[PDB]
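Student: Quick one: the structure is below, and I'll ask about it shortly.
None of the figures in this text is laboratory data; all of them are computed from the coordinates on show. Methodologically, a virtual Cβ is constructed for each residue, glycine included, from the backbone with ideal geometry; neighbour enumeration extends over all protein chains shown.
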Amino acid sequence: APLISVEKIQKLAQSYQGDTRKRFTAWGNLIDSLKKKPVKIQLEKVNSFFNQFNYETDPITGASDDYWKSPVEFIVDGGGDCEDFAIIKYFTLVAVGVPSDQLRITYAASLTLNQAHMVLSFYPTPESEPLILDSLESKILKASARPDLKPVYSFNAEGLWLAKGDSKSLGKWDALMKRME
């Protein structure tokens, strides 16, 4: 299971220049700063840090791109689509110490935008109502406070779950994690 580390990040930073180098350093500093902080603060600051990046959409559909970006690709590009935001938030939260089993990247139907939309769901317990970390809403809100989002499936490095796992049955995700190796 691919890992993000402050040490790998600091070395990436020195291979780039200008603002790109600064983004890597900032990402590494974020991870360092959030270790051993309250979970709520970790969620809030990873969410807000990444929500400042460039939000991309397909010019034709207005929705996400077919290609899923690794965290490094997101940083190099200076942003990505809703799926890419959720992915880097996920890996970064795992890096600061939120247990991966409490985090599920979630593919949902947006009932308001009439298109698919990806968010990161945080589960206090697996039976608990999840908190939604979104790229089109700054607040972290409970699922029942997001009736505009209807989950279809969710996944993380370990599993894949249908709404109502072997995440590698998700081809782009399998390939994504292999790029991170």
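Student: Exposure proxy check: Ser169, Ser64 ranked by fewest other beta carbons within 10 Å?
Tutor: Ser169, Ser64
Student: Per-residue HN-Hα couplings for segment 145-154, Karplus 6.51 cos²θ - 1.76 cosθ + 1.60 at θ = phi - 60°, whole Hz, x for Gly and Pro?
Tutor: Taking θ as phi minus 60°, the curve returns 8, 10, x, 6, 10, 10, x, 10, 8, 9 Hz for segment 145-154.
Student: Which of the pairs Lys22/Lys139; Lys11/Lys168; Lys8/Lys142; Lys8/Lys150; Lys69/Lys150; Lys35/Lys164 have their Cα atoms more than 30 Å apart in this structure?
Tutor: Cα-Cα > 30 Å for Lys8/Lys142; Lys8/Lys150; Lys35/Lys164; rest within.
Student: Right, next: Which log10 I(q)/I(0) values, to two decimals, does the chain give at q = 0.08, 0.10, 0.16 Å⁻¹ under the Debye formula with one point per Cα?
Tutor: With no solvent term, the Cα-only Debye profile gives -0.23, -0.36, -0.97.
Student: Filter the trypsin sites (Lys or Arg not before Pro) in segment 1-68 down to the DSSP loop ones having no more than 14 other Cβ atoms within 10 Å, then list what survives.
Tutor: Filter output for segment 1-68: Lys35, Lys36.
Student: Sort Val94, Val76 so that the residue with the fewest other Cβ atoms within 10 Å of its own Cβ comes first and the one with the most comes last.
Tutor: Lowest to highest Cβ neighbour count: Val76, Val94.
Student: I would also like to ask the following. Calculate one ³J(HN,Hα) per residue across segment 128-144 by plugging θ = phi - 60° into the Karplus curve 6.51 cos²θ - 1.76 cosθ + 1.60, and present them in order as whole Hz with x for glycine and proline.
Tutor: For segment 128-144, the Karplus curve yields 8, 5, x, 9, 9, 9, 10, 9, 10, 7, 6, 6, 8, 10, 5, 3, 5 Hz.
Student: Taking the beta-carbon count within 10 Å as an exposure proxy, list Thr106, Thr125, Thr20 from fewest neighbours to most.
Tutor: So the ranking, lowest neighbour count to highest, is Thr125, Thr20, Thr106.
Student: Now for a different question. Pop a pseudo-label 7 angstrom from the Cα along the beta-carbon direction at both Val39 and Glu7 and give the gap in nm to one decimal.
Tutor: Going by the 7 Å Cα→Cβ label model, 2.8 nm.
Student: I would also like to ask the following. Among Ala26, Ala116, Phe155, whose Cα lies farthest out toward the positive end of the dipole of the chain, if unit charges sit on the beta carbon of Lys, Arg (+1) and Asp, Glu (-1)?
Tutor: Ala26
Student: Now for a separate question. Starting at the first residue of segment 48-53, write each ³J(HN,Hα) from the Karplus equation 6.51 cos²θ - 1.76 cosθ + 1.60 with θ = phi - 60°, in whole Hz, x for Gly and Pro.
Tutor: 5, 4, 6, 5, 7, 7
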